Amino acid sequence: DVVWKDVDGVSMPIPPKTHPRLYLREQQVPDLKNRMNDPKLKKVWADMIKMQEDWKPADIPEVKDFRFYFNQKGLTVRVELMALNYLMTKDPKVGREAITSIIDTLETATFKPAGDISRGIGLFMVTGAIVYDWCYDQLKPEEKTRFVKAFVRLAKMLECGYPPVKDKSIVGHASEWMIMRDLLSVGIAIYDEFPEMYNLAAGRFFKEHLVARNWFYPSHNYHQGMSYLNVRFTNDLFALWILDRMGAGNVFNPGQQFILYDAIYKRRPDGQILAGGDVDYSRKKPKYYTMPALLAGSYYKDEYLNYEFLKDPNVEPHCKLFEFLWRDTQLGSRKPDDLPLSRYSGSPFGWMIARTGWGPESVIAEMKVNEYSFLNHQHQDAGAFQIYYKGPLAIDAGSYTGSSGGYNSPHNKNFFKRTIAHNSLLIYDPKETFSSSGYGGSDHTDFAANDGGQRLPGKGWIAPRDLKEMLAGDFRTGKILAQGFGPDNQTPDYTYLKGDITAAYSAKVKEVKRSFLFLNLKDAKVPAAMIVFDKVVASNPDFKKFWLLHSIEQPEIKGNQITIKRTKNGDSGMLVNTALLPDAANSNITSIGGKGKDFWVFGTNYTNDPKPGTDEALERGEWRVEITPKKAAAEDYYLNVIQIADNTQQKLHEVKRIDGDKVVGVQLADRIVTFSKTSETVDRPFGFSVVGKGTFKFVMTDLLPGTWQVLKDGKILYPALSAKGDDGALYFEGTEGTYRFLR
């Protein structure tokens, strides 16, 4: 019903010649009365009634924060509910009171610089847009011109500016409320009197924002960490609902529906969410994605997401109207318990989440490649793994906020966002320059700490404008080489991911590969294991290599055995790493941490203590383990086997390294896993021997896709098995004996 017209090569929907067209059209208006009589939505309307009352004079902070405005009270709430009333009743004097109440305060409103003050401005513009569109037929010619002028005056105050030519389109402040809700709403409201605003705001959205999001949406994930996922995705979902309710349909790739499934997978038994990107920690109250769950759940009619909403069905005051207008109260809700235990996020991510269940005894493991880096709140964490079981065991260390400061802090710039903070790999070139010239909006530094980790992409560690700039730049940080999970879809025995993350680092490396193999052991005593096989080729043999494993508490290093426990905050998990490569004759295993060394980076420690009453579990981490070769060599391999059990467990599984023909592997429990000795495609016959009792489950990786023949003890076991393209692997059951594989 809306007309699509090409603008500058990009097709755009023209706002329809009717009012209302903001958040609803006239066809939805009669249903507002039915929503009014819906008991589930009576409470939210009753909440808005209470919000009409002004702020109490003794409660008004001295710094008028973005939180102050989002905890919406007083006049603007009164004019929205009055506008809602006109929408429903059409009584002219109501439409008049709403218009008259706001017009003056709108054209003369002032905002004193504060934390994210564009959000208070933008919300105040939205109140205006609501009045202007909903009460349109009661507007006077002079008033139409007054509103428009006030909007332009307010629009100039936003961080993105007006015209909105400033900031970034994939990340940053311009990927939040200001364009995708605030400027978009106003533009739609005033299109017939002043078309310019929509044209520039929706113009930038369609040209840049939309194109970028539709590129990564098919892989069903977000890139800004597990905290900012809220403000970033919520605003993606506002643009969805707004453009749809205008009559433009769903502009986004429908893969948008499954984005928040990642958070469902990342949920641990204590109501907290697995770490990733710029995050803080807490153990007081569970973390919720209320608004994104509300908006996506109700648009796509998804019961898993709606279940996530109904956990804490309480939105921010300034979003109460949108819940009132948009919530689907008839949609059912689904617990995550019937979902498959592993889930894969493809290009441009290459991420795996593997679980052992959905109950309190759940191992939750993450494995990451990162094919691209989006910057902002993303960390340079290519190759990182992270493991939870009754407490965070292998952790994504550091904190976003603390004694060091905020986003700006020399801790974010030197530890938290850097590879050294994560369970990945370091290669130390003492001459390497890390340009950070563009990072942050203040306290700007030209160079950052050399952590031996991954590059700082962009014009001095700054995200690109749009996808076009991103694809032509230097933000590529890896390639997914292979992936898959267990023979069964629902309850996979194995979950496999492999990446080449060479392009994440500088030319100091010739090649960096990492293969992850998570095993669900289907056992109460030792529920899961994780095999990590790494290949690192340095450009100079004298660039010291590091394998990192971070923890909260201090690890026990006993030979090639690392043991990490949880014994605080009710956490009782345990991680035990068996270091298989390099050889015992070539491995040094040093721990570094505790006070003064907790955030250690090659000379300087970047302290960041928890702000009072926050992060009571110290999930920011205090310790890390470093595995290094004894000999200076260009080419090294790491092979570590992690086992997971509760701290109450004495005897785990014996870990045996398989040294075979062309392959290297691991045997534990009833599982056997092999990799190419050189971590390259195996395109020729290979073999190895297996000694042990009972039936084993075999996973052979790095294989040339095609038809393989498996021989055991000189005889045909399997005459023909197909190794497929996506995993490049063979799976089968067999007993002890000498195996040969033909291709």
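Don't overthink the numbering: it's just position in the shown sequence, from 1.
Output the stretch having the higher mean C-alpha B factor in the entry; the candidates are 708-716 and 28-36.
In the deposited entry, the stretch with the higher C-alpha B-factor mean is 28-36.
Which wins on mean Cα temperature factor, 185-193 or 342-350?
So the stretch with the higher mean C-alpha B-factor is 185-193.
Which listed residue, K320, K417, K284, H220, has the largest C-alpha temperature factor in the record?
Of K320, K417, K284, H220, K284 has the highest C-alpha B-factor.
Between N640, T491, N605, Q378, which one tops the list for Cα B-factor in this entry?
Among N640, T491, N605, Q378, the PDB entry lists the largest C-alpha B-factor for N605.
Which third, lowest, middle or highest, does the CA B-factor of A263 fall in along this chain?
Lowest third.
For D500, return the chain-relative third of its C-alpha B-factor as stated in the PDB record: lowest, middle or highest.
For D500, the deposited C-alpha B-factor lands in the lowest third.
Based on the entry's values, in what third of the chain does the Cα temperature factor of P20 lie: lowest, middle or highest?
Middle third.
Mind checking which third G665 falls in for C-alpha B-factor across the chain?
Tercile = lowest for this residue's CA B-factor.
Could you say whether, by C-alpha temperature factor, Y400 belongs to the lowest, middle or highest third of its chain?
Middle third, going by the recorded CA B-factors of the chain.
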